[PDB]
Amino acid sequence: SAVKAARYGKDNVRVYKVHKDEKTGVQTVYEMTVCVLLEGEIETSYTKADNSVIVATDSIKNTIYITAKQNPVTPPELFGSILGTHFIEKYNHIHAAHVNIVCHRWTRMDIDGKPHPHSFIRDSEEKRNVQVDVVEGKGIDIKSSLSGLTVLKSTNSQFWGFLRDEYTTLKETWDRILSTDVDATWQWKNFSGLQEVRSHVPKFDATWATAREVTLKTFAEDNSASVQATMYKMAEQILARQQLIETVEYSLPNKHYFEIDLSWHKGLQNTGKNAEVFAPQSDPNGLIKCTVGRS
Amino acid sequence: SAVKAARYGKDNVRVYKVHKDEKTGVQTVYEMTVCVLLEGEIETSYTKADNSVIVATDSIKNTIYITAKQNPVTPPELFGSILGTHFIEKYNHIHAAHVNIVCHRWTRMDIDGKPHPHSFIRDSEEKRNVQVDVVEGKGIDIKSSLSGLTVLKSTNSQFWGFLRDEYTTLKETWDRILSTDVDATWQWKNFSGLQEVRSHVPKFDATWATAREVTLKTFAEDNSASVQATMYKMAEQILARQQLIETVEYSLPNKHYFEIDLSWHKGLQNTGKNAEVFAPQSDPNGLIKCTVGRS
Amino acid sequence: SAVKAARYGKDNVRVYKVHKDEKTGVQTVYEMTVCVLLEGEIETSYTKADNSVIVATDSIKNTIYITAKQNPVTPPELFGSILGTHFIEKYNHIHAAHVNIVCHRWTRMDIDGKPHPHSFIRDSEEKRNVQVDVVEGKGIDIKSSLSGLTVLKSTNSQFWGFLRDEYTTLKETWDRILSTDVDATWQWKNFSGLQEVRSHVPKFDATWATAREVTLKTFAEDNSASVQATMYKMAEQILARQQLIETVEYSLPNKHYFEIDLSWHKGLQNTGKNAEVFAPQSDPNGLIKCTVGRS
Amino acid sequence: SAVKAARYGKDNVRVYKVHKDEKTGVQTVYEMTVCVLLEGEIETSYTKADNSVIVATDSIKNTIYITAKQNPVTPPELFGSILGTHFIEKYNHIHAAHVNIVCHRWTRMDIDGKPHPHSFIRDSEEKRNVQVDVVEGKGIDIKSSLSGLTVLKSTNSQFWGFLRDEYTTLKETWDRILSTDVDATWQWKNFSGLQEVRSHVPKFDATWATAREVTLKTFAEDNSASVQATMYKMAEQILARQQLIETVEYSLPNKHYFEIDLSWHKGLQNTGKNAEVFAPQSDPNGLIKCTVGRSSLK
Ligand SMILES: Nc1nc2[nH]cnc2c(=O)[nH]1
Ligand SMILES: Nc1nc2[nH]cnc2c(=O)[nH]1
Ligand SMILES: Nc1nc2[nH]cnc2c(=O)[nH]1
Ligand SMILES: Nc1nc2[nH]cnc2c(=O)[nH]1
């Protein structure tokens, strides 16, 4: 046998960092879950039980804290690159680092129409993630995204003209409920090193806000008959507003709402134009994926 | 042996309702999970295997759907009362109905700084619930609540002066993080019947908004060395602002954030006054409860 | 206002203990999640923010570990009584201690047809729990239970004879799938103190086994048209076999499996006597409860 | 801009099938969750909102049910093949079918020392899965695995001799607790088509049982200084017991049990040789992976 591939590291490392302003007295908090996986000349740890090439995962957890203490944790795209570079630079035998970061929401509270200096609320289970691959000699690869974004539109969505055969029973519709969770991922053009990443810092937070805004707006305004076409319009706008992006990827898990026919009960009308009460379905669910690039 | 208590019904009944305004064309959606358990002279289903006294759980389901279609599903406190009343009025042997409703958040999307007519977002995992108890010849008991409200304050929270013995290792503190999930419940005075509940409708949504605002404010502004003291303050205000309320119950699971001593590494200062990076703890967690009533 | 009720303590405290047999060298492991809530003269901590009467929840945690170290953690009924007793006896202003324990399975591995001395496998997600209420001058109250026991019988289950009205659409059946999670609890007669509990120790593990065996046996053998009737028989046998038990309580959340009509496709027969493929339903579900006592 | 990649289908389709032996009266049940994703000339559905090329997800669901009714659902490897094949063979514009199947346990109950004819128990949250990729003109690729296998050994596990530096605080140990959730996947050699998969049907259940056995036994008996070394040995044996296997992948999440120092309480000894009470840690956790293949050395 032979080791064709190997990674290892620490997962689920929860980190919280606070920023205090001595002047204004305002405080800002950052909470995220980090995962670091290493690659390199560690083959013997598997084949010869040689631990000498092993940087303890516990030490990888230590490095994460230490790094967050000496560096800025925002934007996550930067912090990830810093954390990733450290490993391939500090350890001669390590040649790849894979960093995953999940950012939780801690939105500043508004008390009496005013932003509180030190109170926060988790206003959503929506996440801002980044997957940064740092490979020796090959620069830095970044993949930004947002997930856990749940949306619904009560009308202005249709579905007809689809293939029909001996396996179809679905009835075409010109009005229906469209609900889904949004997983959007934008891949940045390869970066040569930390210095290049550092120089584009301003673009990160901006592009994210751009991705979020485009998604919501397009979703809300688009009177579709093809979820596929809807997400394609979403990817176009993103690619157009940010030149540094190489590809945009969407993954929309459809959430179905069934009509309930109650006519059997005193001629109760609750279908088609009279549909008012629906039964949300936990499963199954449609899944539509999409990767869009430049011509 | 003998049956001392029995209940049965349908759980996890997902429901969705949409209200359309022909005039403006603005739509509104409601989604919730309903549970209905029944009580009465049904012992024989257990003892003699007699089903004749059993109202099918599938029919309880049908009923929930029908009820929603024929009535207003908001406020929940009202809808719950109607649904519970239905069973004791339609069945001779049914003497009590216990309805549990969980309302999910579908916040209206703001596009271009203007509310969208038919697009929604799940802006939180926070819920608004109700527990209605309809008992023949004893009125309707209603318990309202809000849960899943997660907050954190980076300062202005202390803890000192607590009991100290041979089992204590916790050091006193005058500045720490305070994070928790909020579970607040207010119990209304017993209503005589559907009519009376219908007469106080406007107080349900208002009392809920009030309970929410007081919790958020008190938490944010109170600088106490006692989570206990803070929650009592919240209950006080709620009881003072709504006379129709008998008791207010709070249950706060204290989520801890530990200081990370990094001194062992090049004398890095990250404790006490220099504490910037913390480690969130998934478990365990303090749990503080409290039921406040009137003198 | 006035404090009607108050509790507080530590929750989700994970504990693991290993017992090494000094003769054979065989190791047995125990793992469980503990929760401890205290009651007593602590009102002032809420009304006057007086922390002097507060035993830190951190100390509560510490006490759990220490107690586990100096005492046997099995059976959980004993360990819960020891832990509960400690708090009311060590603190004068503490009058009640509510201990909840969840036991996780760590089944010994059989390797090559022989029990391994120190390797375990988490076979089920089924738990064994205990709730122990230790109240000063009122003895020790113990509620044992098993939960998370999932079973299914493809046949020998019926449902017909139930009530039928204008809300009924369900067809009666004489063959159907019965699946459900099992939640069984057995209340022990009130115990005077730790001394009494200790003397009845051998009865705890035994009865749990009995409850589990009866539940499984009855469910599999009973050919009934009433779940309610099946659970009652379960309760009966448990009360007959153990006199120290006062009441048995079952809570069965049904899991439905619908037939799938496939006649629209080449007249495929998949209903009634030809039903082979079914569609498991996540929700909603029927919930049947029952508390049985002695005449 | 342009469409680089595109898939779509039905996810989380729960299925239950029962087999009744009219002779013996013994019934056997099967439950699984299926996911089917399709690929092909469907770019227009994105670029020009053309649903004409779209096979409704609802119809994909119906198809799973029909296929389940007309064919065996065991072993999963076979069923996934039968299902993926159907799509590329029935739709000219559909070129690839990605089928994911999760198998839920329903173990027959033993009552009074004998197996019950129609009663089962969910004796574990452990699962048996398969990922089948049917591509037009490329054959059938199969990835079988087992997951959710949680194990723990209270001793006979060590960790010393690792790299130490200014970021290191961990102390060396010669006796510790080793617990982990096992995730094992074995890739089969490419199959030309359905007929070839059918011929090998018997190897599927046999290899699954071998992988599970090898995993448990090795975990139990190995006294290794590294989880890496222990998972390598497991892969070795599996590759050695089945020649149709090309690679074996292992993903082990080391769950930690920390010692608790109680000496601050009357000098109570609870560390090292005296350790009895441990604190299980929910997070974070170590994560070790590795893909083992066949050597080129003769
Ligand atoms: N087995 C094992 N234990 C560890 N503990 C900390 N790091 C490691 C590692 O790489 N392997
Ligand atoms: N066994 C059983 N099946 C049901 N199906 C619908 N309602 C019921 C009920 O009360 N018991
Ligand atoms: N606020 C608060 N913090 C604690 N930390 C430890 N115990 C307690 C308690 O009772 N209240
Ligand atoms: N939008 C949309 N709705 C569907 N409903 C069933 N299949 C589909 C699909 O592919 N797209």
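Every residue, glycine among them, receives a Cβ derived from its backbone with ideal geometry; neighbour counts consider all protein chains shown. Readers should treat all values here as calculations from the given coordinates under stated rules, not as data from a laboratory.
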Exercise. Chymotrypsin sites (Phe, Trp or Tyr not before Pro) within segment D:215-298: which are DSSP loop residues with at most 14 other Cβ atoms inside 10 Å?
Worked result: D:264
Exercise. Can you list the residues, at least 5 places off or on another chain, whose amide H is less than 5 Å from the amide H of residue C:7, using H built in the peptide plane?
Worked result: B:289, B:290
Problem set entry | In sequence order, calculated HN-Hα J values of segment B:7-16 (Karplus, 6.51, -1.76, 1.60; Hz; x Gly/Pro) | 7, 5, x, 10, 10, 6, 8, 6, 9, 9
Problem set entry | FRET E, pair residue C:41, residue C:192, Förster distance 30 Å, beta-carbon r, rounded to 0.05 | 0.80
Problem set entry | Cβ-Cβ FRET estimate between residue D:71 and residue D:297, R0 fixed at 51 Å, reported to 0.05 | 0.75
Exercise. Given a Förster radius of 60 Å and the C-beta distance between residue B:174 and residue A:273 as r, what FRET efficiency does 1/(1 + (r/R0)^6) yield to the nearest 0.05?
Worked result: 0.40
For this session: Over the Cα atoms of segment D:2-298, compute the convex hull volume and normalise it per residue, giving Å³.
Result: 236 Å³
Exercise. Compactness ratio of the protein assembly as shown: Cα Rg over 2.2 N^0.38 Å, N = residue count?
Worked result: 0.95
Exercise. Distance in nm between label sites at residue B:5 and residue D:48, each 7 Å beyond Cα in the beta-carbon direction?
Worked result: 6.7 nm
Exercise. Where does chain B land at 222 nm, in deg cm²/dmol rounded to the nearest 500, when only DSSP H runs of n ≥ 4 count, each adding -39500 (n - 2.57), divided by all residues?
Worked result: -8000 deg cm²/dmol
Exercise. In what order do C:23, A:114, B:48 fall by count of nearby beta-carbon atoms within 10 Å, going from fewest to most?
Worked result: C:23, A:114, B:48
Exercise. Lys/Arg Cβ at +1, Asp/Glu Cβ at -1, dipole of the protein assembly as shown taken about the Cα centre: which of B:290, C:268, B:55 is farthest positive-ward?
Worked result: C:268
Exercise. How high is the relative contact order of segment D:2-298, in percent, counting Cα pairs under 8 Å that sit 6 or more residues apart?
Worked result: 13 percent
Problem set entry | trypsin sites (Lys or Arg not before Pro) restricted to DSSP loop in segment B:259-293 with at most 12 other C-beta within 10 Å | B:266
Exercise. For segment A:1-135, what size does the Cα cloud have along each of its three principal axes, sorted from largest down, in whole Å?
Worked result: 67, 29, 22
Problem set entry | 17 Å reach of a label modelled at residue A:20, 7 Å along Cα-to-Cβ, counting backbone N of segment B:216-230 | B:223-224
Problem set entry | Cα-based equivalent ellipsoid of segment D:109-233: semi-axis lengths in Å, sorted from largest, via gyration tensor | 36, 25, 12
For this session: Sort C:205, B:50 so the one with the fewest other Cβ atoms within 10 Å of its own Cβ comes first.
Result: C:205, B:50
Seminar exercise, completed: Under the Karplus relation with 6.51, -1.76 and 1.60 and θ = phi - 60°, whole-Hz ³J(HN,Hα) for segment D:50-56, x at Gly and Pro, equal 9, 7, 4, 8, 8, 8, 3
For this session: At most 15 other Cβ atoms within 10 Å and a DSSP loop assignment: could you name the chymotrypsin sites (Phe, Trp or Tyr not before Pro) in segment B:85-175 that fit?
Result: B:160, B:174
Exercise. Tell me, what HN-Hα J-couplings in whole Hz come from the Karplus equation 6.51 cos²θ - 1.76 cosθ + 1.60 at θ = phi - 60° for each residue of segment D:143-151, using x for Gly and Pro?
Worked result: 10, 9, 7, 9, 8, x, 8, 9, 10
Exercise. If you add up the charges near residue D:10, with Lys and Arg at +1 and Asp and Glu at -1, over every other residue whose beta carbon is less than 12 angstrom from its beta carbon, what do you get?
Worked result: 0
Exercise. Simple spin-label model, 7 Å along Cα-to-Cβ: residue A:138 to residue B:205 in nm?
Worked result: 5.7 nm
For this session: State, to one decimal in nm, how far the label point of residue D:111 lies from the label point of residue D:123, with both points 7 Å from Cα in the Cβ direction.
Result: 1.7 nm
